[PDB]
Each structure stands twice: as C-alpha cells, then as structure tokens.
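A.B. asks: Handing you a structure now.
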Amino acid sequence: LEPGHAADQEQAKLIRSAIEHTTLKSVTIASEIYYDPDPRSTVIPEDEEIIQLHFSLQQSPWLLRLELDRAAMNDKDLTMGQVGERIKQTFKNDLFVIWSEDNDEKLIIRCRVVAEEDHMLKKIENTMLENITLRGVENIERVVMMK
Amino acid sequence: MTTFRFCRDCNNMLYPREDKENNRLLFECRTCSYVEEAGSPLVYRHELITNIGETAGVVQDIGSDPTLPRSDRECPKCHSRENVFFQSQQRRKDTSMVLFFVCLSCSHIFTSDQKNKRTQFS
Amino acid sequence: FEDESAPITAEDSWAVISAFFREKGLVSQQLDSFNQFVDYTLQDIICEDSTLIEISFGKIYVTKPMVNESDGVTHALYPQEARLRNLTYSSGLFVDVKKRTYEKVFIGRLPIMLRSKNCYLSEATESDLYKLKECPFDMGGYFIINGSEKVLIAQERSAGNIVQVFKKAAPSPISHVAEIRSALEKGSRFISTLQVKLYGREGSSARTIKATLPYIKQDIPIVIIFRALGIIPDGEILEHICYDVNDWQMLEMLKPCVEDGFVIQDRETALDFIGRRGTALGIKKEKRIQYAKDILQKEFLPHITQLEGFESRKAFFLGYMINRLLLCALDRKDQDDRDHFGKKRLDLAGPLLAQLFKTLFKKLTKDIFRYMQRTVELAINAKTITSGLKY
Amino acid sequence: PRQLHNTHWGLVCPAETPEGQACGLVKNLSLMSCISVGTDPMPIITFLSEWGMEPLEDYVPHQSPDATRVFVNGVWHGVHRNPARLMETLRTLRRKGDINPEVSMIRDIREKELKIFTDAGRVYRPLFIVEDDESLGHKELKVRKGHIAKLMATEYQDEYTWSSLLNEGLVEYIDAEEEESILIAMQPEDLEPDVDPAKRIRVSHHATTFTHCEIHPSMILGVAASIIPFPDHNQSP
Amino acid sequence: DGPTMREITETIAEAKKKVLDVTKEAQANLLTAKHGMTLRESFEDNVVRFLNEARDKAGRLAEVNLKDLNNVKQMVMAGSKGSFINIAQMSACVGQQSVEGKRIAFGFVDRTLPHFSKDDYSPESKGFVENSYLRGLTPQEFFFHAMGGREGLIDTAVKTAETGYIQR
Ligand SMILES: [Zn+2]
Ligand SMILES: [Zn+2]
C-alpha cells in the first residue's frame, strides 16, 4: 500500500475489494424468467413498490429477474446502482434494466429484451452471471490481507 | 420450482407461448395441436446457491443403518431421544458442517443450524 | 465349569486364526484359483464355439503329471525330478469329440500348479513327501517349467460392469462422463465400452447429453437412443431417467436433451438415424435399420443381455447412468473414486490361464475348420496348446 | 495408484511395498486375505424374484419411488419394496451356507440400492459376526468359549473346523464393497457395556451399532512385516 | 518423568477440547469463514493448528525434562545426529498424519476406516496419532501413520529422479 497508509486495515480492505475480481455470479442468489406482460403492474407483489418508485424525479413481456445477496453485496463494497448501471452499460440500449434501491429489504434486478424471446434471455442470463465484471481485475481471484 | 407439464394426448414436453391479445401465458405441444393455460408465470429458475439435496437419503429403514451416528437430543415434535444424524448430503466445497437429525420414532427431520432458515428441509 | 456361552477374549482370537491357517495354509489364493479352473472353467471353455460349420466337443479329462520321452515309455513325472531334469510338470489334456457328417483324443498339455488337486503331492503324507525328496515345508502355489519354478503374480485391474462418473479438465468441452466397461462373464469377454457424455460446462448454452455406441462414427443424443429402443414420448423417457417428479432441477437439465432429439419421433427414424452413422452412403434403409438393431442388441450394454426382448432392461439401465451422471453435475454426488479397492479385481493363475487357453482353443478350432474346407475327400496340432501355455 | 488407500485395510499390507519405481504398484496380500474364485448367480437371481423382486419389465417409477433397486454383478434385475426382509434372508442364507460365502451382498439404505456380486477377483477377509440375537446382556460376538474349546480340541488331536465357524454363522467373508456398510469393532473387548500410565492411549467404545469385530488387528500385515518385532513402535518407512 | 508424562497427557487433552469446541461451533453454524476461504477450509485450518500446537508443546515438555545425563540429549547438544522433532515423536506425541497437505481423507463413504461412524471429523478419526513411539500406536494410528509414510516414500523417489535430470 501507498506510503502514508499501511496501518489502515480499512484502506487495505478497500484496495482488496478493488482488485479481487468480482462477477455478478458471485453476488446472485438465483435468477428467474417470468411472463410479466404489463410493464406497469406486476404479477410479482414485492415488485410493485419498485415499478411505482421508478416514475419520479420495445420491451418484451418476458422478465429476467435476479435476486442479489446483501452479505456478498456490502462485503464487496457494491451498490445496487453500481451493479445495475454496470449491467446497463454492458448491454447497449439492447436491454431494459431497473433495480430496487439499497434500502428495500430485497435486492432485485429486472430486465427485458428491447419471437424467440425465452431463448435470447437464457443466453443473456448467462452473459450476466459470468462475463460482466462488477469490480476488480481480470484473473485476480482470491485476495488476502496479511501483516 | 418450475414443475412442468406434458401433453394430454401425445405425452411430450410443453413449451411456453404468449397469447398476444389477452396477454397471458400458454403451453403448446410441438407434436399435436394441444395447448393449455399456465399455472404460474414462473417459467425458469436457476439457483446459484442451492439447498435441495441436503436431505437426500432419509428413508424408512434409515434407523437400521449401522454406519450412521446416533445422538440423544430431543426432536421439536415428540421429544423422543432416538436420533440418527448426518451432515449435508450435497457435495459442494462451499457447504457448512451443520447436522441433520432424523427422529426414529416419528421420522421428523430437524437441524442443529442455529441460523435455520428453511421450514421443510427439502 | 467353562460355560460354553461365555464371551470370548482377545487371547481366544489366535485359536480362531490357527483354525484358519490349518485349513487354508498360506497360498490358498493360488491353489483355489487354479483348482476352480481345472474343475470348472476348463470345461466351460470347451463348450464355447465348441461347434463348427460338424464336429462338436464334449467332456474333458485331465491326466496326472507325466513326461513325453524320446525313445521310451511315457513316465509318471514328479516335481523333484522335473526341477532337476529341466522338465515341465504338466498333464495330458484329453477331450471328447463327436464326429458327425454335415454340409478319446489327446489335445495339448497343461502345466500343473504344485499341490493343487491334480498334483501328486496334494494327497501325500509327510513321509510320502520325504521319500519324494520334497520338503514338507514347501507351500506349492507355483509351476515348474523347463526345470525352473515359476510364479504367476496377481494382476490388479479395474472391475467390469460398473458405472462410474468422472469430472473433466477445464479445457475439454465435455464436463462429465459416465462410463461402463461391460463384458460377459463367460464365452468371449467382449469389452465394448459405453460412454454417456455431458457436453458443455457450467455456463455453456444448452448443455446436451450424448452417448458413444460401438461402430458408430458420431456421438448420439440420448433421446434418439431411447426411441431406437421403443420409448417414444418425452414423458416416458424422462421417467426412465428421473425417478422423482418434484426434482425440477434435474428435469431442467434434460430440457436441452429433449430438444436435441426433436427431429426424431419414432422408433424406425431413430434406428435409421443411428444406422446411417454406421453405414456407407449406398446402403439401403432396411439394411441400415437392421445394422442399428443388431448393434443395440449385441454391442450395446452386452452384459445385460444379447438376446432380443430385452429393450426395457437396457433403457432403464441407460437411464440409470444418465441419472448418476447428472447427480454429479448437479453437485449432489462426488465423482467416483478410481482408487477404491472394492472396485478393483485381482487376476490369478486360473483367470490368467483362461485367457491364453481360450485364445488357443480358438486357434485349434480354426485349424480344424481348415481341415474340412480343404478336405474334398488325427489332423490335430496338440502342440498348438502345449506350446502356447508353456511359452 | 501407488498411494496407500483407506480401502486397503485388512486386504493389502500397509508396509510391504518395494522402494523406487515399483513402489505402491507392487503389493502384498495381508495374512488373512483371499480372492473370490467365482460362482453362478442363477440361484440367487431365482430366489430374488421368489421373494418379491418386481421385474424391471413391469416397473413404474412415478408409482413406487421408495422402491429399492437391485443389481447382481452389475445387472439391474429389478425393484423391491421393503428390502429389509429380503436382506435379512439373504444374510441368513449365506450364513447357513446356502449362498456361497464368497458372494458379496451390500445394501445401501440411504442410496436405495442392493448390490450383489458373484464374480471372481474380489479381495476379501474374514471378520467376527456381532449380531445381538443374545438376550442375557447386549450385542455380543457369536463366537463363545464353547466354540473355541472345540477348535482347540481339534488342534490337540494332532472335528471342529474353520468351515464350521463359517457354516454356523460365526464368521463372515467381507470385501471392500460390503465393508462400506458395516461398523467394525477393533478389540472384542470394546463391546463391553486408575489407568496404566505405561499403556498406549486408546479411544472409547461409544457404539451399540457394531455388526462385526476384527479377529485380530495385527492381521492387516502381510508376511514380511509380520516378522518385524513391535512394528507399532517404529517410524512407518 | 512420571509427572512430565501427565503434563503431556493433559496438554493433548486440552487440544482435543479446543477441537471439540470448534466442531460444536461449526455444527451450530457459528463459525465465520475467513475471506477467500471455505467454512470447511478454515475449520480444518484451526483443527490442524490446534493439533500441531499440541504435538509441539507436548514435545517441549519432554525436552526440558531430560537431564544432562540423557544420552539422546547429549547427542543433540553436541550437534551429532538428533533434533527436537525426534525426541518429540519418540517420547511425547507422534502427531498428526497427513497426505497431500490434509488430514486423512474419507476413503470409505464419509469415513476413514470402517471402524468409525460416518461424518466423524474428530482428531482420532482423521489421523492424529496421540501416542509416542515408546508407547506404541493403536492399529488405526498405525495405518494412518503408514498412509502418511507411503507419501514420503513415493515422492522421495520423485524428488530423486527429478533432481538428477535438473542437475544435468
Ligand atoms: Zn402433444
Ligand atoms: Zn420427532
């Protein structure tokens, strides 16, 4: 670590999480594809508050839904916004992405392709879990602190 | 938990299809012309972190298995002290070392996981 | 007074052990193996391919050990003399042929294992042994060839007819494989190998499952093999693989399998699919379909059956391999341990002597066939065997 | 392959292997090992269906998921509900002698399988049977002083024999495969329902499951090592 | 020393408690995995650290004891053949066996030998040899010590072969 910062167990940890490669697959609990046709009202209860809350200051009826885990989330210093805006900045305009906020009790990401839908999705689901880099450097896997 | 169905006539796998007018989910057959409405909207599920498999092996004769360990704890149901117990039957590296017990009187499955998160253990 | 129902003590163990060695000695592995051959395995080989297009072979008799003398009577041969005289402690092998026209007999020599039922020392008393110049302390699980004492070291090898799933190196496109190396116990041990491979690794699009049949130049999707076997509906097939309806994870794993077999919807198209991957381009449909039926009947899981009406037996077994293969890819079971001794096997005198003796009895059988085609109008090379073994 | 595996216990010597190249690839059989010679499975396969083994021909999984599947020498012959009583009978037949001792029968309760082996080449050793068909106390070895008396009587007369012990269900032959399903006690004394500080430190008998007992632990050794005095006080190599 | 041997037995007994606790801990699911490590991985780690700490402290108690008359100690003090580890394995605990850097593995399904119950991760099960060579090893201890022994024989053959070609 940089000269004037070698006793900071706190910075060590920061740099650790900024090096240790982290994919979406390392933070995801499970993924599901639903038939949820009305981009306004949802067939999923828990997601009502999230589609509402996204109207303050094209899309296929098929929904890819990921459930993320807080432990791994806050552990690897990651924000719902970071994760989401990273996925978004990956699939061009070729994908509609929305996500619950850091306050909600459930971390969720919803995605719609933007007809062979069901198929492209299971492929996109794959690219997301393995290829997208949320944080870290390629190839660097474990990363440990020692004194 | 996507429990899927088969055709009524030709008994083949059904595939999800969209009724674009009333916006609902169907399941057609690609052999005959059969087609039905969907039970739930869930069409696919992928559990990166799973639980199923942990209890595999709980059989009626499990008590007669001599290689299994025995304890005398109490089961949350019949308080009978006749138990047989094993660790997670999944074979993943990232598993815990929690124990699963089987009441040999009422065959109830309980656990030593103080963070017990599930209700059925299946 | 010494209650005969009183528990046994640690010291009492040696009594049970002395009893063990009094009856078996120290080389029962050798004796027993060789005896099972000479007493059963031998006769069984004489009944396999024992008929020619007739001449059929029947019963076999085995002589006590003796020598072929140059300028003299056939002498009784004892081990001591065979060692000194650089001889071979063998015995006469006589068969019983049934010559019948269609459109005893001496046959080779068998080297005999000392102290086996056949040897002259097996029934010898202590003094009989001394007068014979054979130490009463000798154990005898060996042979005497050209005067030198020879031992057949046990050969350890993997057991046959056993399913085994294995993971695979990150490079290869096949993430898992379920293998069985079927082989018939008797007759002719045809080790045709069946492999059920799972294409694609965790995170690859549509992980498919294909099997490798013998004489077929392309891995075949499993759904197609099930239909070639008479199990047509997806429903019926999955049931042969997944014996639990709630296991949605496993059934999900086969979804791409079903799709990979869609084109084929009936038994004949399934058989033709296969027949074409094992036939040249100018062969006729029937011939093809026939080729595939014969393959699934004799080259496919031969340890189960080689007859006809047993396609449900092979379907369920094939389903069982697929089951265990997925049980591993689903991280519910660990890949099999290739080093578990319970799945190994040790070949000894008998089994070993049975590979050579089969192979040789089959060459003695070819020759006898070349004594008919070439005969437009007793022609038996006994040495074919006496040399093969001896060698 | 050249590593000393857990399943080698009692079947192959843990010490006698050569140095260098052949190390771990050339092995030696333990004093009491034997290798199966081979037997016909017909009678067993016949008896199996005579005892309720539903043919695989008429088996419907979605209809009887609990069913235990039975194999014989690798072949799946069928299914059987309530395998418990069949296994009891199977063990009794082999312990009488009606089923050749050499035959190996394994039931995996949790795995829902019953595998039988009749082929040659299988390595096995003998153990004391520890069934609890005795009332007076608890689980005990079936060999009692009276038996040993007969054994030693026959010795002195140089007719109760090793085969006698086998026939009267007192001892059994066990291969690595079957070994998986049992629980073996080291010293018969441990089935027992201020300590010598000079003795070595041994573990405790927390068992009521015992199914067998080692005739004597020193029999895991082969011929060469059986000649080393106090081998248990030496460094392994 | 008679009392020393007692200080040694207790030292090991104290090790088996620390191990027993971490087990109950793990079984209740209270152990926290160390970053970039599995529950099971860090569990094993602590158990092995405990078991070596034991062999070692057990060994020091024996070393200190021995008088200056003790011939083994006389040889060690001079520099001619000898070392702590030797006195430790002969007089006090022999220690934990191991193959491929880990404790003895479950070669049979979920157990090291048919003599144990399934899912037994205790020290006696997975290969800790409690006795010294003087006391003698139990049969299970003996087999485990032979598993570990074979390892050294195998790669001693390797190290040998590989080094001869590297040198040339
Ligand atoms: Zn249909
Ligand atoms: Zn209960």
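All residue names refer to the structure tokens as shown: chains lettered A, B, ... in order, residues numbered from 1 in each chain, ligands numbered from 1 in order.
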At a cut-off of 8 Å, using only C-alpha atoms, what residues contact residue 137 of chain E? Leave out same-chain residues fewer than 4 positions from it and give the result as number ranges by chain.

C.D. replies: D: 200, 232-233; E: 129, 131-133, 141-142

A.B. asks: Could you work out which residues of chain E fall inside 12 Å of chain A? Count only C-alpha atoms, and format the result as a list in words.

C.D. replies: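 Close to chain A, chain E has residues 34, 35, 36, 37 and 38 of chain E.
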
A.B. asks: So that I have them on file, write out the residues from the current selection with C-alpha atoms, as an mmCIF file, in the first residue's frame.

C.D. replies:
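Wrote it out as out-v4.cif, contents follow:
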```cif
data_model
loop_
_atom_site.group_PDB
_atom_site.id
_atom_site.type_symbol
_atom_site.label_atom_id
_atom_site.label_comp_id
_atom_site.auth_asym_id
_atom_site.auth_seq_id
_atom_site.Cartn_x
_atom_site.Cartn_y
_atom_site.Cartn_z
ATOM 1 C CA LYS E 34 -12.087 -16.286 6.599
ATOM 2 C CA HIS E 35 -12.214 -14.217 3.390
ATOM 3 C CA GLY E 36 -11.304 -16.239 0.334
ATOM 4 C CA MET E 37 -11.809 -19.421 2.337
ATOM 5 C CA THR E 38 -14.481 -22.028 2.969
#
```

A.B. asks: Enumerate, in order of chain and increasing residue number, the residues of chain B with an atom no farther than 12 Å from ligand 2, each with its shortest atom pair and distance in Å to one decimal, counting only C-alpha atoms and all ligand atoms, as a Markdown table.

C.D. replies:
```
| residue | atom | partner | partner_atom_place_in_ligand_line | distance |
| --- | --- | --- | --- | --- |
| B:72 | CA | ligand 2 | 1 (Zn) | 11.5 |
| B:73 | CA | ligand 2 | 1 (Zn) | 10.1 |
| B:74 | CA | ligand 2 | 1 (Zn) | 7.4 |
| B:75 | CA | ligand 2 | 1 (Zn) | 4.4 |
| B:76 | CA | ligand 2 | 1 (Zn) | 6.2 |
| B:77 | CA | ligand 2 | 1 (Zn) | 4.5 |
| B:78 | CA | ligand 2 | 1 (Zn) | 4.3 |
| B:79 | CA | ligand 2 | 1 (Zn) | 5.9 |
| B:80 | CA | ligand 2 | 1 (Zn) | 6.0 |
| B:81 | CA | ligand 2 | 1 (Zn) | 8.4 |
| B:82 | CA | ligand 2 | 1 (Zn) | 8.5 |
| B:83 | CA | ligand 2 | 1 (Zn) | 8.7 |
| B:84 | CA | ligand 2 | 1 (Zn) | 11.4 |
| B:101 | CA | ligand 2 | 1 (Zn) | 9.4 |
| B:102 | CA | ligand 2 | 1 (Zn) | 7.5 |
| B:103 | CA | ligand 2 | 1 (Zn) | 4.5 |
| B:104 | CA | ligand 2 | 1 (Zn) | 7.3 |
| B:105 | CA | ligand 2 | 1 (Zn) | 6.3 |
| B:106 | CA | ligand 2 | 1 (Zn) | 5.0 |
| B:107 | CA | ligand 2 | 1 (Zn) | 6.2 |
| B:108 | CA | ligand 2 | 1 (Zn) | 4.8 |
| B:109 | CA | ligand 2 | 1 (Zn) | 7.5 |
| B:110 | CA | ligand 2 | 1 (Zn) | 8.2 |
| B:111 | CA | ligand 2 | 1 (Zn) | 11.6 |
```

A.B. asks: Leaving out residue 106 of chain D and any residue of its chain fewer than 2 positions from it, which residues lie within 10 Å of it when counting only C-alpha atoms, given as number ranges by chain?

C.D. replies: D: 70-71, 87, 91, 104, 108-109, 113-117, 175, 177-182

A.B. asks: Neighbours of ligand 1 at 9 Å or closer, counting only C-alpha atoms and all ligand atoms: which residues, as a PyMOL selection string?

C.D. replies: chain B and resi 6-14+28-35

A.B. asks: With only C-alpha atoms considered, list every residue of chain C at most 10 Å from chain A, as a PyMOL selection string.

C.D. replies: chain C and resi 202-206

A.B. asks: Selection from above, N, CA and C atoms, as a short mmCIF file (atom, residue, chain, number, x, y, z; two decimals), in the first residue's frame, can you write it?

C.D. replies:
```
data_model
loop_
_atom_site.label_atom_id
_atom_site.label_comp_id
_atom_site.auth_asym_id
_atom_site.auth_seq_id
_atom_site.Cartn_x
_atom_site.Cartn_y
_atom_site.Cartn_z
N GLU C 202 -20.48 -25.65 -16.86
CA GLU C 202 -21.35 -24.72 -16.14
C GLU C 202 -21.33 -23.32 -16.75
N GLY C 203 -22.40 -22.98 -17.46
CA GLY C 203 -22.47 -21.67 -18.08
C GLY C 203 -22.37 -21.70 -19.60
N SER C 204 -22.48 -22.89 -20.18
CA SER C 204 -22.43 -23.03 -21.63
C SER C 204 -23.88 -23.14 -22.08
N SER C 205 -24.18 -22.68 -23.29
CA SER C 205 -25.54 -22.74 -23.81
C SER C 205 -25.98 -24.19 -24.10
N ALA C 206 -27.19 -24.52 -23.65
CA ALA C 206 -27.78 -25.84 -23.84
C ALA C 206 -26.80 -27.01 -23.67
#
```

A.B. asks: Compute the set of chain D residues within 7 Å of chain C, using only C-alpha atoms, and express it as an MDAnalysis selection string.

C.D. replies: chainID D and resid 1 7:8 34:35 37 56:57 61:62 65 74:76 121:122 143:146 148 151:152 161:162 175:177 187:189 215:216

A.B. asks: Selected residues, N, CA, C and O atoms, written as a compact mmCIF listing (two decimals), in the first residue's frame, please.

C.D. replies:
```
# COMPACT_ATOMS: atom_id res chain seq x y z
N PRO D 1 -2.75 -44.39 -7.92
CA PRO D 1 -2.46 -45.82 -7.79
C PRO D 1 -1.41 -46.32 -6.82
O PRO D 1 -1.55 -47.43 -6.29
N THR D 7 -9.31 -48.11 1.70
CA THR D 7 -9.91 -49.41 1.44
C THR D 7 -8.93 -50.57 1.38
O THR D 7 -9.34 -51.70 1.16
N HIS D 8 -7.65 -50.30 1.57
CA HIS D 8 -6.64 -51.35 1.56
C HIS D 8 -6.59 -52.06 2.91
O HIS D 8 -6.01 -53.14 3.02
N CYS D 34 -8.18 -63.29 0.92
CA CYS D 34 -8.48 -64.36 0.00
C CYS D 34 -9.05 -63.65 -1.21
O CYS D 34 -9.44 -62.49 -1.12
N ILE D 35 -9.08 -64.32 -2.35
CA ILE D 35 -9.62 -63.69 -3.54
C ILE D 35 -10.75 -64.58 -4.05
O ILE D 35 -10.62 -65.79 -4.11
N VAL D 37 -13.19 -66.79 -6.11
CA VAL D 37 -12.96 -67.71 -7.20
C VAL D 37 -14.03 -67.70 -8.30
O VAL D 37 -13.75 -68.07 -9.44
N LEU D 56 -37.96 -55.74 -13.75
CA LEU D 56 -37.72 -54.40 -14.27
C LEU D 56 -38.65 -54.14 -15.43
O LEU D 56 -38.95 -53.00 -15.77
N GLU D 57 -39.10 -55.23 -16.04
CA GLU D 57 -40.00 -55.17 -17.18
C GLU D 57 -41.26 -54.40 -16.81
O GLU D 57 -41.71 -53.52 -17.53
N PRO D 61 -41.71 -46.14 -12.05
CA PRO D 61 -41.15 -45.24 -11.04
C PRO D 61 -42.11 -44.23 -10.40
O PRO D 61 -42.24 -44.20 -9.18
N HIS D 62 -42.78 -43.42 -11.21
CA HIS D 62 -43.69 -42.42 -10.64
C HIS D 62 -44.71 -43.07 -9.70
O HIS D 62 -45.39 -42.37 -8.94
N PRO D 65 -41.71 -44.74 -5.94
CA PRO D 65 -40.42 -44.06 -5.73
C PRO D 65 -39.57 -44.59 -4.59
O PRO D 65 -38.34 -44.51 -4.65
N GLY D 74 -23.53 -56.19 -11.57
CA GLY D 74 -23.68 -55.07 -12.48
C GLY D 74 -25.01 -54.97 -13.18
O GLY D 74 -25.37 -53.91 -13.69
N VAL D 75 -25.76 -56.06 -13.22
CA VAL D 75 -27.04 -56.05 -13.91
C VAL D 75 -28.21 -55.64 -13.02
O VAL D 75 -28.41 -56.19 -11.93
N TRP D 76 -28.98 -54.66 -13.49
CA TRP D 76 -30.16 -54.20 -12.76
C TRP D 76 -31.25 -55.21 -13.11
O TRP D 76 -31.74 -55.25 -14.23
N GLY D 121 -12.02 -62.53 -8.60
CA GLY D 121 -11.14 -61.37 -8.49
C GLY D 121 -11.38 -60.42 -7.33
O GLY D 121 -10.55 -59.55 -7.11
N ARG D 122 -12.50 -60.56 -6.61
CA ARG D 122 -12.80 -59.70 -5.47
C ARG D 122 -11.98 -60.10 -4.24
O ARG D 122 -11.98 -61.27 -3.85
N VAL D 143 -19.16 -65.94 18.55
CA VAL D 143 -18.23 -67.00 18.95
C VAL D 143 -18.11 -66.93 20.46
O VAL D 143 -17.79 -65.89 21.02
N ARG D 144 -18.35 -68.07 21.11
CA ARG D 144 -18.28 -68.16 22.55
C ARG D 144 -17.20 -69.16 22.90
O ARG D 144 -16.75 -69.92 22.05
N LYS D 145 -16.82 -69.16 24.17
CA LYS D 145 -15.79 -70.05 24.69
C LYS D 145 -15.98 -71.51 24.30
O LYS D 145 -15.00 -72.23 24.05
N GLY D 146 -17.23 -71.94 24.26
CA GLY D 146 -17.52 -73.31 23.89
C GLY D 146 -17.02 -73.62 22.49
O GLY D 146 -16.55 -74.72 22.22
N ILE D 148 -14.50 -72.09 20.86
CA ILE D 148 -13.05 -72.13 20.88
C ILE D 148 -12.55 -73.41 21.50
O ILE D 148 -11.48 -73.92 21.15
N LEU D 151 -12.52 -75.84 18.87
CA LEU D 151 -11.42 -75.52 17.97
C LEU D 151 -10.14 -76.10 18.52
O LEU D 151 -9.47 -76.90 17.86
N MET D 152 -9.81 -75.72 19.75
CA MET D 152 -8.61 -76.21 20.40
C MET D 152 -8.64 -77.71 20.68
O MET D 152 -7.60 -78.33 20.91
N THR D 161 -13.91 -77.20 12.66
CA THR D 161 -13.05 -76.50 11.73
C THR D 161 -13.37 -75.05 11.39
O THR D 161 -14.37 -74.50 11.84
N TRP D 162 -12.51 -74.43 10.59
CA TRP D 162 -12.75 -73.06 10.15
C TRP D 162 -14.09 -73.06 9.43
O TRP D 162 -14.95 -72.20 9.68
N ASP D 175 -15.65 -58.18 1.62
CA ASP D 175 -14.83 -57.45 0.66
C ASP D 175 -14.98 -55.93 0.87
O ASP D 175 -15.87 -55.48 1.60
N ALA D 176 -14.11 -55.15 0.26
CA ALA D 176 -14.15 -53.71 0.44
C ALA D 176 -15.52 -53.12 0.16
O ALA D 176 -15.97 -52.21 0.85
N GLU D 177 -16.20 -53.63 -0.86
CA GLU D 177 -17.51 -53.11 -1.20
C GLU D 177 -18.50 -53.24 -0.04
O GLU D 177 -19.13 -52.26 0.36
N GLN D 187 -11.21 -54.40 19.03
CA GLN D 187 -10.97 -55.45 20.01
C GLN D 187 -12.33 -55.96 20.44
O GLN D 187 -13.25 -55.17 20.62
N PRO D 188 -12.49 -57.28 20.59
CA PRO D 188 -13.81 -57.77 21.00
C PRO D 188 -14.12 -57.21 22.38
O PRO D 188 -14.96 -56.34 22.54
N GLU D 189 -13.40 -56.95 23.13
CA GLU D 189 -13.48 -56.39 24.47
C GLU D 189 -14.18 -55.03 24.46
O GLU D 189 -14.82 -54.68 25.48
N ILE D 215 -10.92 -60.10 13.98
CA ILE D 215 -10.41 -61.31 14.60
C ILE D 215 -9.18 -60.89 15.41
O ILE D 215 -9.05 -61.24 16.58
N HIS D 216 -8.28 -60.13 14.79
CA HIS D 216 -7.10 -59.55 15.45
C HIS D 216 -6.49 -58.50 14.52
O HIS D 216 -6.15 -58.81 13.37
```

A.B. asks: Give as a PyMOL selection string every residue of chain E that touches chain B within 7 Å, counting only C-alpha atoms.

C.D. replies: chain E and resi 26-29+38-40+117-119

A.B. asks: How about saving the chosen residues, N, CA, C and O atoms kept, as a PDB file, in the first residue's frame?

C.D. replies:
```
ATOM      1  N   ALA E  26     -18.960 -25.105  14.572  1.00  0.00           N
ATOM      2  CA  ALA E  26     -19.274 -25.333  13.175  1.00  0.00           C
ATOM      3  C   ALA E  26     -20.618 -26.015  12.973  1.00  0.00           C
ATOM      4  O   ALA E  26     -21.337 -25.681  12.036  1.00  0.00           O
ATOM      5  N   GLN E  27     -20.957 -26.967  13.838  1.00  0.00           N
ATOM      6  CA  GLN E  27     -22.223 -27.691  13.703  1.00  0.00           C
ATOM      7  C   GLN E  27     -23.445 -26.825  13.981  1.00  0.00           C
ATOM      8  O   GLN E  27     -24.529 -27.105  13.480  1.00  0.00           O
ATOM      9  N   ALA E  28     -23.272 -25.790  14.791  1.00  0.00           N
ATOM     10  CA  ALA E  28     -24.368 -24.884  15.102  1.00  0.00           C
ATOM     11  C   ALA E  28     -24.429 -23.833  13.997  1.00  0.00           C
ATOM     12  O   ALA E  28     -25.431 -23.130  13.840  1.00  0.00           O
ATOM     13  N   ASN E  29     -23.337 -23.745  13.241  1.00  0.00           N
ATOM     14  CA  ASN E  29     -23.180 -22.816  12.129  1.00  0.00           C
ATOM     15  C   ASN E  29     -22.769 -21.426  12.591  1.00  0.00           C
ATOM     16  O   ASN E  29     -23.180 -20.427  12.016  1.00  0.00           O
ATOM     17  N   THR E  38     -13.247 -21.331   2.658  1.00  0.00           N
ATOM     18  CA  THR E  38     -14.481 -22.028   2.969  1.00  0.00           C
ATOM     19  C   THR E  38     -14.626 -22.321   4.447  1.00  0.00           C
ATOM     20  O   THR E  38     -13.631 -22.385   5.178  1.00  0.00           O
ATOM     21  N   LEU E  39     -15.869 -22.506   4.882  1.00  0.00           N
ATOM     22  CA  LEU E  39     -16.125 -22.859   6.268  1.00  0.00           C
ATOM     23  C   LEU E  39     -15.243 -24.076   6.522  1.00  0.00           C
ATOM     24  O   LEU E  39     -14.353 -24.058   7.375  1.00  0.00           O
ATOM     25  N   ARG E  40     -15.479 -25.127   5.749  1.00  0.00           N
ATOM     26  CA  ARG E  40     -14.707 -26.337   5.897  1.00  0.00           C
ATOM     27  C   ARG E  40     -13.214 -26.068   5.776  1.00  0.00           C
ATOM     28  O   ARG E  40     -12.416 -26.606   6.542  1.00  0.00           O
ATOM     29  N   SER E 117     -17.824 -44.058  12.708  1.00  0.00           N
ATOM     30  CA  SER E 117     -19.163 -43.730  12.246  1.00  0.00           C
ATOM     31  C   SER E 117     -18.991 -42.695  11.144  1.00  0.00           C
ATOM     32  O   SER E 117     -17.935 -42.067  11.050  1.00  0.00           O
ATOM     33  N   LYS E 118     -20.012 -42.509  10.311  1.00  0.00           N
ATOM     34  CA  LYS E 118     -19.919 -41.530   9.228  1.00  0.00           C
ATOM     35  C   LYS E 118     -19.961 -40.089   9.733  1.00  0.00           C
ATOM     36  O   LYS E 118     -20.638 -39.783  10.710  1.00  0.00           O
ATOM     37  N   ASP E 119     -19.224 -39.209   9.066  1.00  0.00           N
ATOM     38  CA  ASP E 119     -19.202 -37.798   9.417  1.00  0.00           C
ATOM     39  C   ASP E 119     -18.502 -37.481  10.730  1.00  0.00           C
ATOM     40  O   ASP E 119     -18.871 -36.543  11.435  1.00  0.00           O
TER      41      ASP E 119
END
```
